[PDB]
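**Q** Top to bottom, those sequences are chains X and W.
Quick note: the first sequence uses my numbering, first residue 1, plus one each step.
Quick note: the second sequence uses my numbering, first residue 1001, plus one each step.
Ideal Cβ placement from N, Cα and C applies to all residues, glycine included.
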Amino acid sequence: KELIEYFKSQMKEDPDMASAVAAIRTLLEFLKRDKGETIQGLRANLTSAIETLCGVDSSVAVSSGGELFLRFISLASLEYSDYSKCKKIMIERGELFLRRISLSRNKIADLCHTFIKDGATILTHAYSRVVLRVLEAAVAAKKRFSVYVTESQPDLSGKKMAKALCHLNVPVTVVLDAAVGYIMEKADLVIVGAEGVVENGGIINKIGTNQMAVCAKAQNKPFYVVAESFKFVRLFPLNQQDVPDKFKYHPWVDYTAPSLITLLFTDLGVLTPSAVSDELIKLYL
Amino acid sequence: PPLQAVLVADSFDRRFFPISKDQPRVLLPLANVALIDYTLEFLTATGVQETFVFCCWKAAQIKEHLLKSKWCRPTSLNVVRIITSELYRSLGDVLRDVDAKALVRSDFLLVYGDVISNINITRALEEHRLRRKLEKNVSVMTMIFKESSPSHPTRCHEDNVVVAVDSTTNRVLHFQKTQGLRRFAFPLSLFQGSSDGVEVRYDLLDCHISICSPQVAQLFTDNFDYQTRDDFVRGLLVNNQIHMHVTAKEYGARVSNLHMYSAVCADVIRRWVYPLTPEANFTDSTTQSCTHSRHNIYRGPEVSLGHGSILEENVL
């Protein structure tokens, strides 16, 4: 088809860009193709596309972006119940939404880079563009710090993060996945990216994040999390088993409770683990 | 009666003999900030409403620095007045000239242009006025002293003094320096009238802050060979009464030589002269802003600190 190809094309011009933003761009672009003038036909065709896209890419971010797009179309449906000017106004609002989501990363970096002090040691788990941007803005602010990255045994992405950080002239250091407890005392704060924010405040991240959060809680170490707004998902896992199996697939993801998180840096502002629930309730997604 | 002070922005003694050739003593940067700024801030904070600034040595620089400063602005509550002259050779001539011009009216403060202090003088001034109103023209001067230890670095030998005061009501009966002298002598006149509350004090730091009276200037015109304040006090004590006021919870010191300079600098950086600190920026300047951090490390704007250097203690 065209959905698969367009998704892969948007993923390929810029590797940097996340999967959910690319999926939202593909959905809005396919919205221009729509010929049916009935609302359930538009709804079902687009929902089919979002499920197929989610099948292609097993990630929580893609599903979150799809859920947000359907909720935004449902609001634009409660506009007038028209689907005559509704498609037009919806396209404009969607373009505005895309431009706004583009600046999310810069907003998160400019808001989170202030919590890093000169001479402090940072502890990161895996590669993430958001934490990389935060660190680049901190070093851009005439700051000096040391970073410890976990190798991320499932896929050697921690080494990629360390390479991209050492390229910015920062004394990075790679540690073993089993050494997260040995270097926890030599870290002043922990900053990691989140793949998806659950209803209560927890985060769905790489398999090696919950144990690090546990060690941080055991040593009173600030555990900060950086994530965008399009990663908010209406899930409520009670333990490591309540997480959907489609997101885990040696699992590739785990859930972290909000009691182990100190603060959250999102494009909407710096928030606590409980404010995200209020935001999700306000959206009624 | 509005509180008025006199500022001697020239110290007729030359101990900073090399450095004072190109640039006055009272504009030497202590903590990136001149001493006359410290003195004016102290006067403005203690309640002074008017000051009379006298300058002889390199007065042009003094005046054009004060004229750029914030105290000469129309929004300042301490109106300053610059009186310049090339004849002045000592403090006695300055006080004689004040008496000749009739500037002062009531109890005025006599401070040097290189005094750094955060002392409040309302209490001592109140005590002074009540004492003066029980004894109308008795009780003429009040020297402010900061109680310290004889071991302290701030107590230099060149300014070190020993007093023989009354403990019932603070009153100076004997006052003398201890510069280059090992056994002190106290005359027997002290034990003449009462003889019960007499005490020797050696734990005192001369702040060089004195609550004077117009009659002090009168006596300065009377006695022609009064060249300083110390000589005024000795010549009045051989013979009017002079009293004191001791402080224990406030800081005050005068920069007289280099050793005194490195003592007040250390005290100011270590926040001993709070609120007067570099972080506060009490001059309202834009090129003197700083940020106070841990271990009393002060960093300004555009510090460009290189990787590897270590700031370990109180630096500015």
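1) Could you round the C-beta distance between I1019 of chain W and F1054 of chain W to whole angstroms and report it? I think they count as a contact, below 8 Å.
2) Mind listing, in chain order, the continuous alpha helix (DSSP H) runs of no fewer than 4 residues lying wholly within the stretch 1246-1284 of chain W?
3) For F1175 of chain W, report the span of its alpha helix (DSSP H) as first-last.
4) Under the three-state reduction of DSSP, which class applies to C112 of chain X: helix, strand or coil?
5) Assuming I1119 of chain W is part of the alpha helix (DSSP H), what are its boundary residues?
6) Does the separation of the CB atoms of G208 of chain X and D177 of chain X fall below 8 Å?
7) Looking at the structure shown, is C1212 of chain W part of a helix, part of a strand, or coil, going by DSSP?
8) Considering only residues of the stretch 1009-1074 of chain W, which uninterrupted alpha helix (DSSP H) runs meet the minimum length of 4 residues and lie entirely inside it, listed in chain order?
9) Buried or exposed: which applies to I1310 of chain W, given that a residue is buried once 16 or more other Cβ atoms fall within 10 Å of its Cβ?
10) Starting from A1164 of chain W and walking both ways along the beta strand (DSSP E), at which residues does that stretch end?
11) Can you confirm whether the stretch 134-154 of chain X touches the stretch 107-122 of chain X when touching is taken to mean that 3 or more C-beta pairs between the two stretches lie within less than 8 Å?
12) Looking at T1039 of chain W and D1114 of chain W, is the spacing between their C-beta atoms short of 8 Å?
13) Give me the Cα-Cα distance between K217 of chain X and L260 of chain X, rounded to the nearest whole angstrom.
14) Hey, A126 of chain X and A61 of chain X: beta-carbon distance below 8 Å or not?
15) Per the DSSP calculation, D1206 of chain W is bridged to which residue(s)?
16) For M212 of chain X and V180 of chain X, I'd like the C-alpha separation in whole angstroms.
17) Quick check on the DSSP output: what are the complete beta strand (DSSP E) runs of length 3 or more inside the stretch 115-153 of chain X, in order along the chain?
18) Are the beta-carbon atoms of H113 of chain X and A138 of chain X separated by less than 8 Å?
19) Where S1139 of chain W and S1289 of chain W are concerned, what is the direct C-alpha to C-alpha distance, given to the nearest angstrom?
20) From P222 of chain X to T124 of chain X, what does the alpha carbon distance come to, in whole angstroms?
21) What residue does the beta strand (DSSP E) around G1180 of chain W start on, and which one ends it?
22) Alpha carbons only, please: which of X:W252, X:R93, X:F7 is nearest the one belonging to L53 of chain X?
23) Are at least three pairs of beta-carbons, each pair with one atom in the stretch 1294-1312 of chain W and one in the stretch 1085-1101 of chain W, less than 8 Å apart?
24) Using the beta-carbon count (16 or more within 10 Å), is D242 of chain X buried or exposed?
25) Whole-angstrom Cβ separation of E1250 of chain W and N1120 of chain W, contact assumed at under 8 Å?
26) Tell me whether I203 of chain X is buried or exposed, calling it buried when 16 or more other Cβ atoms sit within 10 Å of its Cβ.
27) Using a 10 Å radius around the Cβ and a threshold of 16 neighbouring Cβ atoms, would you call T150 of chain X buried or exposed?
28) Along the alpha helix (DSSP H) that carries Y6 of chain X, what are the first and last residues, could you check?
29) Can you list, in chain order, the residues of its chain whose CB lies under 6 Å from that of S157 of chain X, leaving out five sequence neighbours each side?
30) Where does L238 of chain X land, buried or exposed, given buried means 16+ other C-beta within 10 angstroms?
31) Do you know whose CA, among X:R99, X:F97, X:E95, X:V131, lies nearest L111 of chain X's CA?
32) Based on Cα-Cα distance, which residue from W:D1203, W:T1287, W:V1233 lies nearest to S1151 of chain W?
33) Cutting at 6 Å between CB atoms, please list the residues of its own chain near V1268 of chain W, excluding the five before and the five after it.
**A** Quick look at the numbers:
1) Here the question's residue 1019 of chain W lines up with position 19 in the second sequence. Here the question's residue 1054 of chain W lines up with position 54 in the second sequence. About 22 Å separates the beta carbons of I1019 of chain W and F1054 of chain W, which is beyond the 8 Å limit, so they are not a contact pair.
2) Within the stretch 1246-1284 of chain W, the complete alpha helix (DSSP H) runs of at least 4 residues are 1258-1269.
3) Numbered from 1 along the second sequence, position 175 holds the residue referred to as residue 1175 of chain W. From DSSP, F1175 of chain W is part of no alpha helix (DSSP H) but of the beta strand (DSSP E) over 1172-1177.
4) As a first step, residue 112 of chain X must be located in the first sequence, where it is residue number 112. Note: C112 of chain X maps to helix in three-state DSSP.
5) Locating residue 1119 of chain W in the second sequence gives position 119, where the first residue counts as 1. Where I1119 of chain W is concerned, there is no enclosing alpha helix (DSSP H), given that its DSSP letter is neither H nor E.
6) What you label residue 208 of chain X is simply residue 208 of the first sequence in a count that begins at 1. What you label residue 177 of chain X is simply residue 177 of the first sequence in a count that begins at 1. Yes, Cβ-Cβ distance for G208 of chain X and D177 of chain X is below 8 Å.
7) Stepping through the second sequence from its first residue, residue 1212 of chain W is reached at position 212. Look at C1212 of chain W here: in three-state DSSP terms it is strand.
8) Along the stretch 1009-1074 of chain W, the alpha helix (DSSP H) occurs as fully enclosed runs of 4 or more residues at 1035-1046, 1059-1066, listed in sequence order.
9) Looking up residue 1310 of chain W in the second sequence gives position 310. By the neighbour-count rule (16 or more Cβ atoms within 10 Å), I1310 of chain W is not buried but exposed.
10) Taking the first residue of the second sequence as position 1, residue 1164 of chain W is located at position 164. DSSP places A1164 of chain W in the uninterrupted beta strand (DSSP E) bounded by 1161-1166.
11) Note that the stretch 107-122 of chain X touches the stretch 134-154 of chain X; at least 3 beta-carbon pairs, one per stretch, sit closer than 8 Å.
12) Position 114 of the second sequence, counted from the first residue, corresponds to residue 1114 of chain W. Position 39 of the second sequence, counted from the first residue, corresponds to residue 1039 of chain W. In this structure, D1114 of chain W lies near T1039 of chain W, with their beta-carbon atoms less than 8 Å apart.
13) In the first sequence, the residue the question calls residue 217 of chain X occupies position 217. In the first sequence, the residue the question calls residue 260 of chain X occupies position 260. Linking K217 of chain X to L260 of chain X through their CA atoms gives a straight-line distance of about 6 Å.
14) Reading the first sequence from its first residue, position 126 is the one you call residue 126 of chain X. Reading the first sequence from its first residue, position 61 is the one you call residue 61 of chain X. Cβ distance not < 8 Å, so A126 of chain X and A61 of chain X don't count as in contact.
15) Start at 1 with the first residue of the second sequence, and residue 1206 of chain W comes out as number 206. Paired residue(s): W:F1145.
16) Residue mapping note: residue 212 of chain X aligns to position 212 of the first sequence, counting from 1. Residue mapping note: residue 180 of chain X aligns to position 180 of the first sequence, counting from 1. Linking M212 of chain X to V180 of chain X through their CA atoms gives a straight-line distance of about 6 Å.
17) Here the runs fully enclosed are 121-124, 146-150.
18) Here residue 113 of chain X refers to the residue found at position 113 when the first sequence is read from its first residue. Here residue 138 of chain X refers to the residue found at position 138 when the first sequence is read from its first residue. Yes; because the gap between Cβ atoms is below 8 Å, this pair is in contact.
19) Position 139 of the second sequence, counted from the start, is the residue given in the question as residue 1139 of chain W. Position 289 of the second sequence, counted from the start, is the residue given in the question as residue 1289 of chain W. Cα-Cα distance, rounded: 44 Å.
20) Translated into positions along the first sequence, residue 222 of chain X becomes position 222. Translated into positions along the first sequence, residue 124 of chain X becomes position 124. Their backbone Cα atoms lie some 12 Å apart in a straight line.
21) Counting from one through the second sequence, the residue named residue 1180 of chain W turns up at place 180. Neither: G1180 of chain W is in no beta strand (DSSP E) and is coded neither H nor E.
22) Along the first sequence, read from residue 1 onward, the residue named residue 53 of chain X stands at position 53. The residue with the shortest Cα to Cα distance from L53 of chain X is X:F7.
23) Counting Cβ pairs under 8 Å, fewer than three are found: no touch.
24) Within the first sequence, the letter at position 242 stands for residue 242 of chain X. Answer is exposed; the Cβ neighbour count stays below 16.
25) Residue mapping note: residue 1250 of chain W aligns to position 250 of the second sequence, counting from 1. Residue mapping note: residue 1120 of chain W aligns to position 120 of the second sequence, counting from 1. Contact between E1250 of chain W and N1120 of chain W is confirmed by a C-beta separation of about 7 Å, below the 8 Å threshold.
26) Indexing the first sequence from 1 puts residue 203 of chain X at position 203. With 16 or more Cβ atoms within 10 Å of its Cβ, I203 of chain X is classed as buried.
27) Taking the first sequence and counting its residues from 1, the one referred to as residue 150 of chain X is at position 150. Buried is the call here.
28) What you label residue 6 of chain X is simply residue 6 of the first sequence in a count that begins at 1. Its alpha helix (DSSP H) spans residues 3-13.
29) Residue numbering aside, residue 157 of chain X sits at position 157 when the first sequence is read from its first letter. These residues qualify, in order along the chain: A126, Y127.
30) Walking along the first sequence from the start, residue 238 of chain X turns up at place 238. So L238 of chain X counts as exposed.
31) Counting from 1 along the first sequence, the entry for residue 111 of chain X is found at position 111. Minimum Cα-Cα distance from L111 of chain X among the listed residues X:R99, X:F97, X:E95, X:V131 corresponds to X:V131.
32) Indexing the second sequence from 1 puts residue 1151 of chain W at position 151. If you compare the alpha carbons of W:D1203, W:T1287, W:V1233 with that of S1151 of chain W, the shortest gap goes to W:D1203.
33) What you label residue 1268 of chain W is simply residue 268 of the second sequence in a count that begins at 1. Here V1268 of chain W has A1031 as same chain residues with Cβ atoms under 6 Å from its own Cβ, once five neighbours each way along the sequence are excluded.
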